Amino acid sequence: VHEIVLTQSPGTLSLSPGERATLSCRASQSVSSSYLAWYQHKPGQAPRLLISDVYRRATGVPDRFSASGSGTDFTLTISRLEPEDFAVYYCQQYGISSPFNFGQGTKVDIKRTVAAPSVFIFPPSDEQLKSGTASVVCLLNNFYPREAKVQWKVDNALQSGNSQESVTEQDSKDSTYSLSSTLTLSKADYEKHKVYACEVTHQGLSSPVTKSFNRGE
Amino acid sequence: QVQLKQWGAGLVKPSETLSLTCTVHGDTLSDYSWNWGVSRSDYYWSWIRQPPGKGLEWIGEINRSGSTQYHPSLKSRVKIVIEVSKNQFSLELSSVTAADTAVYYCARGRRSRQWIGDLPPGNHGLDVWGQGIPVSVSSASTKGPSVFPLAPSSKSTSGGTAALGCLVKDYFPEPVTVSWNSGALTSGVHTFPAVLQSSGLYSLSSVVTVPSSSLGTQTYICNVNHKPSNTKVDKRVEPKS
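Residues numbered from 1 in each chain as written, not as in the entry; some residues may be left out. Chains lettered and ligands numbered in written order. Heavy atoms only, no water. Residues with missing side-chain atoms left out of burial classes, pairs and counts.

The deposited coordinates, according to the entry record, derive from X-ray crystallography at 1.50 Å resolution.

> Just to check I follow, could you spell out the environment of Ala140(B) for this structure?
Residues and elements named next belong to chain B. Looking at the element boundaries, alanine 140 is found in the loop between β11 (133–137) and β12 (146–150). The spatial distance from the C-alpha of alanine 140 to the C-alpha of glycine 200 is 5.8 Å, given a sequence separation of 60 residues. Discounting chain neighbours no more than four positions away, the residues touching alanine 140 are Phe172, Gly200 and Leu201. (Helix = DSSP H or I, 4+ residues; strand = E, 2+ residues; numbered from the N terminus. Contact = heavy atoms within 4.5 Å.)

> How do you make sense of the state of the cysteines when you look at a structure like this?
In protein chemistry, a disulfide is the covalent bond that joins the sulfur atoms of two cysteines. All names here are of chain A. One pass over the structure, following the stated rule, counts four disulfides over all chains. The disulfide that involves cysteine 25 links it to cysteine 91, with 2.3 Å between the sulfurs. On the sign convention where negative means left-handed, the S-S torsion of about 75 degrees between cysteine 25 and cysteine 91 marks this disulfide as right-handed. Highlighted residues: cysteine 25 in strand β3 (residues 21–27) and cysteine 91 in strand β9 (residues 88–93), separated in sequence by 66 residues. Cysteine 91 shares its class with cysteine 25; the two are buried. Sulfur-sulfur distance for the disulfide between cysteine 138 and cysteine 198 comes to 2.1 Å. Judged by the sign of its S-S torsion, about 65 degrees, the cystine formed by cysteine 138 and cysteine 198 is right-handed. Highlighted residues: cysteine 138 in strand β12 (residues 133–143) and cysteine 198 in strand β17 (residues 195–201), separated in sequence by 60 residues. (Disulfide = S-S within 2.5 Å. Buried < 20%, exposed > 50% of the residue type's maximum accessible area, 1.4 Å probe, protein only.)

> Would you mind going over the sheet that holds strand β2 (residues 12–15) of chain A with me for this structure?
Whether parallel or antiparallel, the strands of a sheet pair through hydrogen bonds between backbone atoms. Residue and element names in this part refer to chain A. The strand order across the open sheet formed by six strands is β2-β10-β9-β4-β5-β6, and the pairing between neighbours is mixed. The open sheet has two free edges, formed respectively by β2 and β6 (56–57), since each of these has just one partner strand. Alignment of strand β4 (residues 36–41) against strand β5 (residues 48–52), held across three bridges, turns out to be antiparallel. What sits directly across from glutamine 40, in β5, is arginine 48. (Pairing = 2+ DSSP bridges.)

> Can you walk me through the packing of aromatic side chains in this structure?
For any pair of aromatic rings, geometry is given as the distance between the ring centres together with the angle between the planes. Going through the model one piece at a time under the given rule, you end up with 13 aromatic pairs over all chains. Ring geometry for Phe100(A) and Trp58(B): centres 5.1 Å apart, planes at 70 degrees, overall edge-to-face. You can see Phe100(A) sitting in the loop between β9 and β10 (106–110) and its partner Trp58(B) sitting in strand β5 (residues 57–62), one on each of two chains. By relative accessible area, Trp58(B) is classed as buried at 2%. Summarising the aromatic geometry, the rings of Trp45(B) and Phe89(B) are spaced 5.6 Å apart at their centres and angled 40 degrees between planes, so their arrangement reads as tilted. Given a relative accessible area of 0%, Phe89(B) falls into the buried group. The aromatic ring of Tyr43(B) is capped on one face by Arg108(B), whose charged end is 4.4 Å from the ring centroid. Above the ring of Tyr44(B), the side-chain terminus of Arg111(B) is found at 3.6 Å from the ring centroid. (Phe/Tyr/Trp six-rings, centres within 6.5 Å; stacked < 30°, edge-to-face > 60°. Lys NZ or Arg CZ within 6 Å of the ring centre and 35° of its normal.)

> How should I be thinking about the sheet that holds strand β18 (residues 209–214) of chain A in this particular structure?
Residues and elements named next belong to chain A. Spatially, β14-β13-β17-β18 is the arrangement adopted by the four strands of the open sheet, whose pairing is antiparallel. Two strands lie at the open edges of the sheet, namely β14 (157–158) and β18, each paired on one side alone. Here strand β13 (residues 149–154) runs beside β17; their pairing, made up of six bridges, is antiparallel. Paired with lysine 149 across the bridge in β17 is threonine 201.

Right under this line is the structure:
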């Protein structure tokens, strides 16, 4: 190719306030440190430049942020995390080779003990069925870490392509995540089948947990 | 300090063209003097987007010379133009699809190797950002939501905790707001981010968990407001026989 790509690690770094965070960036080609930049992104806010041009801090960036590296391997260090530092961080090659691509991001989240989700399944409401569509909802409540797998089965048949997931930001009181998975069927398809099940895999679960209902029972 | 003010319609129909503009404040594009610091010739007026669930993506840039550089993944769908006399620059992205739904930022890129006095921090980076425009690719017209209950049942409450919620379906544009019991019920509530469905309409759910016994002693009502359509809904969520 004719572009430089940057790969960040780890995908998620889980730490406590006061700890040191070390974020890595590997470029696919050598990049001078003159041209390697780092950014912070906090949900709901515009990205912020942290570091650029041979590891220099941008305006307003406090001393706990520093950077290092050469060749293809770069590091952003936060010496002591503050609560406002839990955010997503991006490296970028900026100034030697267009396009000026970013890495894929590293999220720094708040470490806590593993917590399995509580799982709940909801049938389509009779109100909604009066229309032409059925939504079946599976709720994974208050789990940690974020990685989780939800599979839908209809009459024991694995579903694919007809569901969508949404996930909350980490909770400010208990540091967990919550997730919804919504299965969308036509009313006609919904009324043709009996057993609706969501099956959840998570590090906090010894084996997968299935919640199910039988339509009309 | 220099700021970027973003404008332009974020709502684009599939296959049509997105047009966004930023205006520069606190500096001017037509001032060719260079008396201190870095030359305004070293600013590259840039566009960056973030699609949902993805990272930051560099779209391209323009200098007041008129020279552009574009991401090769776009490049004949993308045009960037600058209007030096108006302190403005613009992004046109044609033939949009749902993959182009994203927050679009403009930003000032800086590339200097010469300067007068002290080189301000932020060189060889995107140091000033606009606040972003959320762009939604959809054919939809304004539409208020339907609000359906996510009701607890005997099977789901048998561990001592009940979940209950509201499915807020098929509305456009963003946002809705959701409260429970007129704002009195906040603990254990999770209102999920909306998803832009393939229909071009949004959907989300809001849930709460409570002790199962409180289903016998407490009423639960979700309060849904969609200002764009002047829609307000209160939906009582009852245990389902």
